[PDB]
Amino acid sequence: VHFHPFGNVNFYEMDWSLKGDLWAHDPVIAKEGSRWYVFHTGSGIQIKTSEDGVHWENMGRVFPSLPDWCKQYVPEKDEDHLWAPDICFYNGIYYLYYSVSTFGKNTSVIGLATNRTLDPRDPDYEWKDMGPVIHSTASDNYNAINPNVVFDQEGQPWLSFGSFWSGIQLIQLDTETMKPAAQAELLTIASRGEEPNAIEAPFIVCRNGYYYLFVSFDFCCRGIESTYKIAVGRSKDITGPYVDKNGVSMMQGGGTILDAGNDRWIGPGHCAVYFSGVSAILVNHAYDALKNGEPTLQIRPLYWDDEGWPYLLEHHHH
């Protein structure tokens, strides 16, 4: 399943000196035609576009206003900022997942919107509100935010999500609804194993016979004091057990650190990983120490070593 398509594009041949409107947190990317799209956290889900992948402009948003049903799930929410979108392309349809929540609480719902095209100029454009996907309340020990969809080796879709509480959750989706399958059960597949369980934002990819689970550790959303980092583990089965490069279980704080940030780019996290041919990129945000800690889009080539583990090189100089 080519659920994140990018064409003949070779990410290792592009110079990723990003320009333009770069302010963002919790970014994902998609490409339709020759146009690239970044979906990120903000009013009604915020959208940027680019004709090359490198020069970005703010383009629009997914919802003019919050869908009405959301209030039932999160009655205390009184603004229209939707969090941590995820995008995938399946059966000719775009499935956009997003989070409705309030900060520090686990009364939350993940919604689904669908579209035939990502382009508002295209007369087929219409984000159909397909309603709720999965939710959490105070009686749950997980938080229904931060969705991610992955396809397993048998082409079955799966949803991972989570933030704090018991950690990262996983549940099988139905291929028709792209919502959790009838009697499907929620599994916890990662956790720091203790309090406060600062693990969130899962992103799963399948490469060379392993599922790789990327996550963010520690604390976002504090500008220049954010302590966010990007960590990774892997499993032969999508249901786990996920283990880091040192063999430590990701259900016990395991995870190899991919990026902990530098003197400029503080607290990198909420990442997404995409492939095109034999190339890959990591997408995330980081808090800009030279611009008042403002969350900033980052896109970098991501390499894989001979043992199958991902790694980043030093930042180029521009």
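Don't overthink the numbering: it's just position in the shown sequence, from 1.
Relative to one another, 25-33 and 38-46 have unequal mean CA B-factors, and 25-33 is the one with the higher figure.
When the mean C-alpha temperature factors of 265-273 and 61-69 are read from the deposited coordinates, 61-69 comes out higher. Highest CA B-factor among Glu185, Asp244, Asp86, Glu200, as stated in the entry: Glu185. Across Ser191, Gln153, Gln169, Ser163, the entry's maximum B-factor at the CA atom is seen for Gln153.
The PDB entry assigns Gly223 a C-alpha temperature factor belonging to the highest third of its chain's modelled residues. Per the PDB record, residue ranking by Cα B-factor puts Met250 in the lowest third of the chain. Among the modelled residues of its chain, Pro123 has a C-alpha B-factor that falls in the highest third, as given in the PDB entry.
The PDB entry assigns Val54 a C-alpha temperature factor belonging to the middle third of its chain's modelled residues.
When the modelled residues of the chain are ordered by C-alpha B-factor, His81 sits in the middle third.
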